[PDB]
Amino acid sequence: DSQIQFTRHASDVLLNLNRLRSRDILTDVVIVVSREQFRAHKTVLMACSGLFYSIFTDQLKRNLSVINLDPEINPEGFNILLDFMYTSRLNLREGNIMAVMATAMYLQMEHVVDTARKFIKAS
Ligand SMILES: Nc1ncnc(Nc2ccccc2Cl)n1
């Protein structure tokens, strides 16, 4: 359209959302993955994950303050993906590819899943 495009604005917003998460400012949910807990903003979770979107869009579950993931989900793989959500940077390596891909499929993060497929292809 005719509007001025700020190419860095979305990245600046996300960096500031990550700063708010680092200070626990306005976080409203805890994700439990076995023995670990991770605080986050439900809006960011919904904007990144089909699983979280499907949970919180339902008015029955929108006010949930705790979500328990499947016990077969790897806490390290979840943390890598939560960091990705808030940075646009994905820590993919041969030592973690299968755990990250499993967690991305479970969380319904289609672009990360497509990227992990491309990673396996270029390995
Ligand atoms: N349409 C809409 N509006 C707000 N967030 C989302 N999230 C979403 C839904 C399903 C799949 C993946 C995501 Cl990131 N989608």
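Calculation rules
Residues numbered from 1 in each chain as written, not as in the entry; some residues may be left out. Heavy atoms only, no water. Buried < 20%, exposed > 50% of the residue type's maximum accessible area, 1.4 Å probe, protein only. Helix = DSSP H or I, 4+ residues; strand = E, 2+ residues; numbered from the N terminus. Pairing = 2+ DSSP bridges. Arc of directions from axis to C-beta. Contact = heavy atoms within 4.5 Å. UniProt positions renumbered as here; feature names shortened; annotations may be inferred.

For this deposited structure, the header cites X-ray crystallography as the method used and 1.39 Å as the resolution.

### Points about the pairing of strand 1 (residues 29-33)
Burial analysis of strand 1 places five of its five residues in the buried class, which makes it a mostly covered element. Side chains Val29, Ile31 and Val33 project from strand 1 onto one buried face, and the interleaved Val30 and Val32 project onto a second face that is buried too. When strand 1 meets strand 2 (residues 36-40), the two strands line up antiparallel, connected through five bridges. When the sheet's bridge partners are listed, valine 29 is paired in strand 2 with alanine 40. Hairpin remark: strand 1 followed by strand 2, antiparallel, with two residues in the connecting loop; positive phi at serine 34, about 60°. Pairing analysis gives three bridges linking strand 1 to strand 3 (residues 66-68), with the strands arranged parallel. Each bridged residue has a counterpart across the sheet, and for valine 30 the counterpart in strand 3 is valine 66.

### Quick notes on helix 5 (residues 97-107)
What helix 5 keeps buried is the set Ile97, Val100, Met101, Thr103, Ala104 and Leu107. All buried residues of helix 5 fall inside an arc of 165° around its axis, so they share one side. Buried positions along helix 5 lie against helix 3 (50-56), helix 4 (75-87) and helix 6 (110-121). Of the residues flanking the end of helix 5, it is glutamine 108, one or two places downstream, whose phi is positive at about 60°.

### Describing the UniProt feature "domain: BTB" in the protein
Here the UniProt-annotated "domain: BTB" positions come out as residues 27-94. Taken as a whole, residues 27-94 contains 40% helix and 19% strand, while its terminal C-alpha atoms sit 32 Å from one another.

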